[PDB]
Structures are given as C-alpha cells and as structure tokens.
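Okay, structure first, notes after.
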Amino acid sequence: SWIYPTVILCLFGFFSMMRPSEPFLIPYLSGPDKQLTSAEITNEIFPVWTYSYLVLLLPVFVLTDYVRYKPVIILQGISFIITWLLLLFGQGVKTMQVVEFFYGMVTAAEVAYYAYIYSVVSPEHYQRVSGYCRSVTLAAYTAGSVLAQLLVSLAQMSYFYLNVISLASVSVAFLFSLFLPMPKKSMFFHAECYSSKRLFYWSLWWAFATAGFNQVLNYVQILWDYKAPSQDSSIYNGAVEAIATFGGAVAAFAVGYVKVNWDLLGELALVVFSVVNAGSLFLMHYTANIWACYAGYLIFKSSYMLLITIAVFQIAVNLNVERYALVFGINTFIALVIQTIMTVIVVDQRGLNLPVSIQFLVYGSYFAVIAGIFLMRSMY
Amino acid sequence: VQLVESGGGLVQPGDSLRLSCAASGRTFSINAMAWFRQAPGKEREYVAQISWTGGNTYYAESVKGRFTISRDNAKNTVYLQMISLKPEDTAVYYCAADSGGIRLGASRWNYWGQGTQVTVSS
Ligand SMILES: CCCc1ncc(C[n+]2ccccc2C)c(N)n1
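So the protein lines, in turn, are chains A and B.
Here the first sequence is numbered in this note's numbering, starting from 461 and rising by one per residue.
Here the second sequence is numbered in this note's numbering, starting from 29 and rising by one per residue.
In structure tokens, the structure reads:
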C-alpha cells in the first residue's frame with residue numbers, strides 16, 4: 461500500500477534532480493551565449509540566491525503545512541520550469557537576478573519534498589522509505605553530471621543543449637508532481653528542547669559547517685574557470701562533480717556502518733575532519749595547476765559530507781519525527797542568517813566585494829576558525 | 029539608444045588612436061558598452077567592456093594591456109584608447125550597448141552601432 465506514494469514521489473525526485481546543466485553553468489553563462497564578466501557573476505547575480513533563500517524559508521516552511529506538502533511540491537515543480545526557462549532565453553544581468561530568486565523557491569521548497577512522506581505513509585515504514593527518497597536523489601544528480609561530461613566530450617554538444625535537456629527533465633518531474641496522493645493529515649496545523657547539552661552543541665556545528673558548505677558549493681565554479689578559462693582548455697566540470705558527489709555518498713554510507721560510540725570520539729573526530737576541510741580549502745586557492753584544484757574539491761565535499769552525517773546522527777537520537785521538522789527547520793534557518801551575513805560582507809557588491817581569487821582564502825580561514833573554537837574550548 | 033561611432037582612420041603600426049561612441053536618446057538605462065571588432069572575411073570579436081553604474085572593465089586576452097576603455101557619463105560617450113597597432117589589427121569597430129531591464133532575446137547586447145574602419149598597413 462506504501463508502494464504507490466513512493467513510486468511517484470521517488471519518480472518525481474529522480475527526474476527533478478537529474479539536471480545535466482548544473483555543472484556546466486558558469487562556463488555556460490560566461491560564454492558566447494550570455495556573455496557575463498566574472499565580476500558580474502560572483503558579486504551581483506550569485507549573491508541574490510542566498511538573499512532569496514533566507515527570505516523564503518520561514519514563509520514556505522509554514523505554508524507547506526497550512527496547505528498539504530504536495531501543493532508546495534507542485535509549487536517547487538513550477539518554479540523549476542520558470543527558473544530554467546529564463547536561464548534559456550533570459551539575458552542580461554538584471555534578469556539573472558530574478559532567475560536566482562526563483563531558484564530560491566526551487567530549493568527553499570525542498571523541505572516540503574522530504575517531509576511529505578511522513579504524512580501519507582504508515583509510521584513503521586518511515587526510516588526505510590526515507591532512504592529510498594534520499595538515495596534516489598543522489599543517484600539522479602550523479603547520473604546527471606556524468607551525462608553532462610560524457611556528452612560535451614564525445615558528442616560536441618554546445619552548452620545550450622544541456623539546459624534544454626535540463627528543462628525537459630524538470631518539465632517531466634512536474635508532470636508526476638500532480639499524481640501523489642493529497643495527504644490527509646499535516647504535522648502542526650491539521651494533525652526548550654535545546655536545553656540538552658548535546659543538542660545545542662551538536663546543532664551549532666551543523667549550522668556553522670553547512671553555512672560554509674552552501675557558500676563554497678556556490679562560489680566554487682568560478683574558481684575553476686579562473687584557474688583555467690573555459691575558452692582556452694577543456695574543463696572536466698561534470699566528471700569532477702559526479703566523482704565528488706559519489707565521493708560524498710560513499711562517505712555518508714560508511715559513517716552509517718562503522719559502529720563507534722560518537723560521544724568520546726565525536727568532538728575529536730569532528731575537529732580532525734574540520735581541519736581536513738580547512739586544509740583542503742587552502743589548496744584550492746594556492747595552486748596554479750588546475751588538476752590539483754579538483755582534488756581539493758574531491759576531498760572537501762567527501763570530507764565535509766562525512767561530518768554532516770555525524771552531526772545528523774547525534775542530533776536525532778531522542779527526537780521523534782514530529783520534532784524533526786522544528787529542529788532541522790531552525791538549523792536550516794539559523795545556518796542561513798550565518799551565510800547571508802557572510803555573503804553581505806565577503807562577496808556582495810555592497811560589502812568588501814572580494815573577487816574569487818582572494819575569496820577562498822577567507823573560507824579556508826573560516827573552517828579553520830571553527831576548529832580553534834571547537835578544540836580549545838576543551839580547556840582545564 | 030542611437031549609438032554613433034567616429035574617430036577611425038588609417039595609420040602605420042605603432043600609432044595610437046582614440047574612438048568614441050556618443051550614445052544618446054535613451055541614456056537613462058545603459059548598463060554596459062562593449063566594443064566589438066570584425067576583421068575582413070572574419071566574425072565579430074570581443075574587444076572590451078565597461079559597466080555604466082560602476083567602472084569595472086574586462087578586455088579580451090589578446091588585446092589586453094594596450095586597449096583601455098573609459099566611460100564619460102556627463103556626455104554619455106565611451107572612449108576606447110588603443111596603442112601599438114599591428115599589421116593584423118585591421119578591422120572595423122562596432123559599439124554594443126546593453127539598455128537594461130528584464131529581456132528575452134538572442135544576444136545580451138541590445139543596440140549596436142554602424143561601423144568605423146581602421147586600416148594598419150604600409
Ligand atoms: C542556474 C540557476 C541559478 C543557480 N543555480 C545554481 C546555483 C548555485 N549552485 C548550486 C548547486 C550547484 C551548482 C551551483 C552553481 C545558483 N547560485 N544559482
């Protein structure tokens with residue numbers, strides 16, 4: 461009986477996140493199609509994403525439940541088709557600002573996609589089902605990225621005919637998004653805890669660590685273009701992302717098998733992997749050889765994703781499902797006030813306006829300071 | 029916007045020139061002005077760029093170091109200063125103004141100029 465809302469909800473998930481034109485984005489933008497100087501992309505367009513993401517996070521979390529979860533999944537499906545329709549024909553610097561804002565809805569409505577399964581599926585088939593709707597997404601993005609590089613390299617297909625595939629992909633994700641059964645019970649509308657030492661401490665690291673990761677993942681495609689321009693040499697943006705995401709997926713899976721009490725060896729295993737990111741982030745900025753630049757990204761994504769699993773596992777050990785939304789909803793929101801303040805100072809045209817060349821030397825110093833405060837705190 | 033280009037002429041290599049672009053009619057929205065070049069029997073080539081609100085510039089790799097593009101909003105012209113011409117720089121120069129606002133089209137640059145001829149030979 462649970463196979464009907466997991467076949468469609470998963471089918472919607474896979475096709476939505478199978479976007480071949482995610483890796484070849486900046487090389488697509490700063491090309492012969494929508495020529496935009498790198499100073500117009502790293503300081504005027506990209507920052508708008510986090511501004512809109514933060515604004516449309518509480519209003520979409522609260523709406524997602526005053527209405528069903530499927531309605532917001534359909535609101536995320538339409539915002540997938542607008543964003544990628546303006547990215548096809550929309551040109552300028554002002555239009556791309558709108559595109560980012562719509563992309564704010566695309567990813568700020570992602571809360572309504574995971575949380576949907578809880579309401580319509582029997583409670584006992586939750587942990588097992590959540591894996592199906594999470595493991596499928598990673599398979600989609602990995603399959604999408606491989607397809608991008610395996611075509612641009614052997615098929616000689618221009619970057620423009622990658623967003624067409626992306627638009628066709630999301631356009632068929634939407635067609636399914638109408639068939640999920642309309643849930644008949646919400647969590648809060650239609651149905652203090654932080655005092656615990658472990659929850660506050662573990663959650664704080666989750667907020668800080670993800671805030672720096674969303675920023676890197678944002679401004680870590682200009683750097684590759686900066687070190688080796690797309691118009692002068694071949695770029696393996698797709699292969700790197702596919703291997704990187706796969707590297708992350710395996711790391712998350714491994715943390716779920718090795719049985720070690722993450723209480724006495726948690727903080728040390730947290731700082732040790734935090735200085736792996738800070739030590740793997742400077743490598744991006746101090747090397748001229750492009751190949752080394754990817755190797756830094758392979759380590760960073762896999763290493764960090766091996767920490768979010770530790771944080772996620774420790775946060776949710778005494779919390780019931782109904783509590784998940786209000787503890788991973790205020791972690792996903794607090795982590796954005798951190799990014800927005802960081803993007804208004806380190807990147808945005810209003811603030812220091814630092815270009816990408818000097819920009820990564822800050823994030824490398826960002827993950828490095830999270831270790832100093834989470835390691836020297838253990839004094840006596 | 030009605031861009032009008034002038035300042036071309038014939039000169040030996042190693043001779044500097046300045047080109048202007050008197051955009052006029054709809055200045056209030058011009059968010060860039062990038063010069064373009066088309067050598068005989070060839071295709072348009074990127075040559076320069078200048079934002080209007082600020083002063084960021086981005087020159088083509090081949091022409092960098094000798095081409096400087098400077099804005100003058102008071103009269104709305106855009107000056108491209110070129111130094112050290114070579115016997116393979118011969119071409120015609122075109123302006124390209126980005127008006128502004130949300131648009132759906134084939135190319136970012138909305139309005140273009142007519143064309144000025146630069147001939148470097150002996
Ligand atoms: C093109 C649509 C608008 C838009 N797309 C993507 C990003 C950031 N991002 C996130 C994940 C992976 C890659 C990238 C570049 C973004 N900031 N904006």
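We put the beta carbon where it would ideally sit given N, CA and C, even for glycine.
Quick one: which chain A residues come within Cβ less than 7 Å of B/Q145?
By 1-based counting over the second sequence, the position of residue 145 of chain B is 117. Going along chain A, no residue has its Cβ under 7 Å from B/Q145, so there is no contact; the nearest lies around 25 Å.
Is the stretch 595-603 of chain A close to the stretch 541-554 of chain A, with three or more CB pairs under 8 Å?
Not touching, per the Cβ criterion.
Within a Cβ cutoff of 8 Å, which residues of the same chain sit near A/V715, ignoring the five residues on either side of it in sequence?
On the first sequence, residue 715 of chain A is found 255 positions in, with the first residue counted as 1. Hits under 8 Å: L766, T769, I770, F773.
What are the residues in the stretch 50-84 of chain B lying within 9 Å of chain A by C-beta distance?
Listed by position, the residues of the stretch 50-84 of chain B near chain A (Cβ gap below 9 Å) are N59, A60, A62, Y74, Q77, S79, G82, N84.
Please report the straight-line C-alpha distance between B/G141 and B/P68, rounded to a whole angstrom.
Locating residue 141 of chain B in the second sequence gives position 113, where the first residue counts as 1. Locating residue 68 of chain B in the second sequence gives position 40, where the first residue counts as 1. For B/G141 and B/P68, the distance between alpha carbons rounds to 17 Å.
Run through DSSP, which three-state label would A/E500 get?
Here residue 500 of chain A refers to the residue found at position 40 when the first sequence is read from its first residue. Residue state, collapsed to three classes: helix.
Who are B/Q145's beta bridge partners in DSSP?
Sequence index remark: in the second sequence, residue 145 of chain B carries index 117 (1-based). Answer is B/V120, bridged to B/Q145.
Quick one: does the C-beta of A/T747 sit closer than 7 Å to a heavy atom of ligand 1?
Here residue 747 of chain A is taken as the residue at index 287 of the first sequence, counted from 1. No.
Taking Cβ to Cβ, would you say A/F540 is nearer than 8 Å to A/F634?
Counting from 1 along the first sequence, the entry for residue 540 of chain A is found at position 80. Counting from 1 along the first sequence, the entry for residue 634 of chain A is found at position 174. Yes, the pair counts as a contact, with Cβ atoms nearer than the cut-off.
For a contact defined as C-beta to C-beta under 8 Å, what are the partners of B/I130 on chain A?
Locating residue 130 of chain B in the second sequence gives position 102, counting from the first residue. Chain A residues near B/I130: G550, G552, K554, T555, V558.
Please work out which residues of its chain come closer than 8 Å, Cβ to Cβ, to B/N138, disregarding the five sequence neighbours upstream and downstream, and give them in chain order.
Counting from 1 along the second sequence, the entry for residue 138 of chain B is found at position 110. Contacts found: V29, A125, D126, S127, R131.
Whole angstroms is fine: what's the gap from A/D692's alpha carbon to A/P643's?
Taking the first residue of the first sequence as 1, we reach residue 692 of chain A at position 232. Taking the first residue of the first sequence as 1, we reach residue 643 of chain A at position 183. Between A/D692 and A/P643, the C-alpha separation is close to 52 Å.
Could you give the DSSP three-state label for A/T555: helix, strand or coil?
On the first sequence, residue 555 of chain A is found 95 positions in, with the first residue counted as 1. If DSSP states are grouped into helix, strand and coil, A/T555 belongs with the helices.
Check whether the stretch 659-673 of chain A touches the stretch 825-838 of chain A, counting contact only when three or more Cβ pairs, one atom from each stretch, lie closer than 8 Å.
Taking 8 Å as the limit for Cβ pairs, the verdict is that the stretch 825-838 of chain A does touch the stretch 659-673 of chain A.
Quick one: does B/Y139 have its CB under 8 Å from some CB of chain A?
Counting from 1 along the second sequence, the entry for residue 139 of chain B is found at position 111. By this cut-off, B/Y139 is not an interface position.
Specify whether the stretch 782-794 of chain A and the stretch 693-706 of chain A touch according to this definition: at least 3 beta carbon pairs, one from each stretch, less than 8 Å apart.
Touching, no, given that fewer than three Cβ pairs across the two stretches are closer than 8 Å.
Compile a chain-ordered list of the residues in the stretch 483-501 of chain A whose CB is closer than 7 Å to at least one CB of chain B.
Answer in chain order: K494, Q495, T497, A499.
Helix, strand or coil, according to DSSP, for B/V106 in the structure here?
In the second sequence, residue 106 of chain B corresponds to position 78, counting from 1. Strand.
Any idea what DSSP makes of A/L659, helix, strand or coil?
Counting from one through the first sequence, the residue named residue 659 of chain A turns up at place 199. Helix at A/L659.
Would you say B/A62 and B/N104 are within 8 Å of each other, going by their C-beta atoms?
Here the question's residue 62 of chain B lines up with position 34 in the second sequence. Here the question's residue 104 of chain B lines up with position 76 in the second sequence. Cβ distance not < 8 Å, so B/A62 and B/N104 don't count as in contact.
Any idea if A/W751 is buried or exposed, counting beta-carbon neighbours within 10 angstroms, 16 or more meaning buried?
Here the question's residue 751 of chain A lines up with position 291 in the first sequence. Answer is exposed; the Cβ neighbour count stays below 16.
The stretch 118-129 of chain B: which residues have C-beta closer than 8 Å to a C-beta of chain A, in chain order?
Within the stretch 118-129 of chain B, the residues whose Cβ lies closer than 8 Å to some Cβ of chain A are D126, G128, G129, listed in chain order.
Can you tell me which of A/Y488, A/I505, A/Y573 puts its alpha carbon nearest to the alpha carbon of A/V532?
Reading the first sequence from its first residue, position 72 is the one you call residue 532 of chain A. Checked all of A/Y488, A/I505, A/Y573; the closest Cα to A/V532 is A/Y573.
Please return the same chain residues whose Cβ sits closer than 7 Å to the Cβ of A/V680, not counting the five positions on each side in sequence.
Reading the first sequence from its first residue, position 220 is the one you call residue 680 of chain A. Once the five neighbours on either side are set aside, the close Cβ partners of A/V680 are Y757.
Which parts of the stretch 714-776 of chain A are runs of the alpha helix (DSSP H), unbroken and 4 residues or longer, counting only runs that do not cross its ends?
You should have 727-746, 750-775.
Whole angstroms is fine: what's the gap from A/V731's alpha carbon to A/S763's?
As a first step, residue 731 of chain A is located in the first sequence; it is residue number 271 there, counting from the start. As a first step, residue 763 of chain A is located in the first sequence; it is residue number 303 there, counting from the start. So the alpha carbons of these two residues sit roughly 12 Å apart.
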